[PDB]
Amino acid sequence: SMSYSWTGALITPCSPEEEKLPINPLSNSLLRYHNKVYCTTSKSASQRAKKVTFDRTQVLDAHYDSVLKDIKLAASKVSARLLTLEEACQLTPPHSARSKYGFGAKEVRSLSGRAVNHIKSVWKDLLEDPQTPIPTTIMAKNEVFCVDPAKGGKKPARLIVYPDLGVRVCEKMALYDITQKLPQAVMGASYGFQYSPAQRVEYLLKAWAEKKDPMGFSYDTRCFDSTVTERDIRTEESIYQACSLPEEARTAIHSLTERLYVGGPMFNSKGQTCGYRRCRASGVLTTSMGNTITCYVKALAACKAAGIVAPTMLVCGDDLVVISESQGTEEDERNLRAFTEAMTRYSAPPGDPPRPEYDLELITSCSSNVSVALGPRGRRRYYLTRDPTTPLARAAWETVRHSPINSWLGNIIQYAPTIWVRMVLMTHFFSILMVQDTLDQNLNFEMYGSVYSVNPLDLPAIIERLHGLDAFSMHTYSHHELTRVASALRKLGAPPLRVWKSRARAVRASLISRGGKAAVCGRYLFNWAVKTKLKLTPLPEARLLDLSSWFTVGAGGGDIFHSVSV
C-alpha cells in the first residue's frame, strides 16, 4: 500500500509564517550571518508530501517471528492501568492545539465543564465504536535550521498529523501508563528515553568497553513513519494487549488502533479533505513508543539475519545505534549490507547507508555523541554533546521571536557540561533575561520530544542534580570538540569564545549584584569565566529535586507535559 494518498488540496498554515531570520541587535549579538538561518514553512509542505509518499512491501521471516515472540512474552510481565480523566488532563501542555469543540488546553488543564463532558463523550464513543476512522489534521511544522549547501540548501517542512484535543486526552487515559512500563519490559537497557544524558553516556561507554573489538553503526531509515505498515501498527497493538490490562483499556486501545493508529482521513487547517494516511501518525501518543518498539523488533531480527555478533542497541524512536563485535573490516562491510537488506525487507529501507565506525566518539544517538574533558581533581569526565549549529540557529530565532515552547532552555539543560552551552548559550540567555527583566519566570521548552516547565533561576540545582557539580568545573575539552564548536561559530558569524568569556564575566557580575537565586546562577554557572575561582559546594536544593524518572515520564511522546519535581 501507499503510505499516503492525496486529494490535491494544499497543506495550509493557520497563523502567518516567516522563513527568514529577522535581523535585530539582541539576536545579532549571538550571530551575524542571519541569511544562513531559515525556518521551514507550509511553502515546502508539498515537497515533503512527495518524499513521504511511497509504496510499502513487507516480507517477514523466521528471524522476525522469533524476536516478536520474545517481545510478547516479555510484554506479558507488565501490568498497566487506566489513567483517570484528571491525570490525563494534567499531562496536557499549556499550548496544546485547541479542540474544534469549543475549548482549549487551558480548559483541559483546569478541568472545565465543557472540556470534561466532551472528553467523557469521546471516551464512551471509543468504547462503543471500534470502526469509524477518526479525523486528523495535517500541518507543516515550523522548525529552524542553518543552511547546509553540501546537502542541498534547505530542508522541507516536516509534516505533523494529529487528532482533536478530545481524542488526545483519551489516548493518555488508555495508553500513558503503558508508555511508562512497556518499553523497559521489552528492550530493557536498549530503551533510550529512560536515560538522562549522563545515563546515555554511561550506557554507550559500557556497551563499547564490553566488546573485545567494538564496531558501531547508526541506521537511518528513510522516512520511518511512512515505512510503518498497518500490520506493523496492529502488531504493536498485540504487544500492548499482551500486558495485563483492565477490560475497558483493552477496548479503548483496540478502537484507537483501528480508528486512529492504522490510518485515517487528513484535513487541512481550512477543513478541506487533504488525503488519507495508511502509516504512522507523526502526532499521536504512541508515535515514539510505537517507533521505538517496531524499530527494535526489526533491528534485532535484522542483526540475526545479518550475523551481527553480540549486538548492544540504543533505540530512541526511529533513531537506532548498534554496537557489536567486529568481524573484520570487509566482514563488517558485508554484514551491514545484509542488515540493510533485511531491514529493507521488513519495510525500513535506509536513507544514508550505515557505515562501520570504530571510534566511540563518532557514534551518534539522536545527533549526540560522547566526549571527554577533565573534572576539578584531574579525573576524566565523559559527557554528551552535539554539533551546536542547530541549537545556535534556534537560539538566535528565539531571541528575536518569542516561542511559547522554546528549544534553548532544553539545550542548556541537556548539554550543560558542554563548552558551547556554558560559554555561549548560558552567557547569551542570562544577559537577555536581565535585559528583559524576566529572570524569575517559568518557561516551557521541548526536551526529547515532550514539554517541560523550568524557572531559569533553578538551573544551578537542576544541572547539579542531572550532571553533578563537575558540570560547573569541566575544563581541558578535547580538540575534536573545540574544533567543531569554533567552526560552528565561524560558520554562523558568532563572536569567538574569547568574546563570550569577556561577556560572561560582566553577566556574572550583574547576576551576583542581584543577590538571591540570581547570584547563585552567577557564582555556579559562570565560575569558568573568572580568574580567581570560587569553591562551589553542593546545593541543598539539588538533593530535594527528584528528576530520577524525568526523562522516562516524557515517553519521547509529544503532547506530554511536566514541571520540575521538588
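When you see a residue number, it is the position in the sequence shown, counting from 1.
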{"item": "556 to 564 versus 4 to 12 - which carries the larger mean C-alpha B factor in the record", "value": "556 to 564"}
{"item": "Residue range whose averaged C-alpha B-factor is higher in the record, 301 to 309 or 207 to 215", "value": "301 to 309"}
{"item": "Given 406, 431, 327, 371, the residue at which the Cα B factor reaches its maximum", "value": "406"}
{"item": "Selection from 235, 121, 335, 226 [criterion: highest C-alpha temperature factor in the record]", "value": "121"}
{"item": "B-factor third for the C-alpha atom of residue 460 within its chain", "value": "lowest"}
{"item": "Residue 383 by Cα B-factor - lowest, middle or highest third of the modelled chain", "value": "lowest"}
{"item": "Ranked against its chain, the third holding the CA B-factor of residue 280", "value": "middle"}
{"item": "Third of the chain's Cα B-factor distribution that residue 167 belongs to, per the entry", "value": "lowest"}
{"item": "Third of the chain's Cα B-factor distribution that residue 504 belongs to, per the entry", "value": "lowest"}
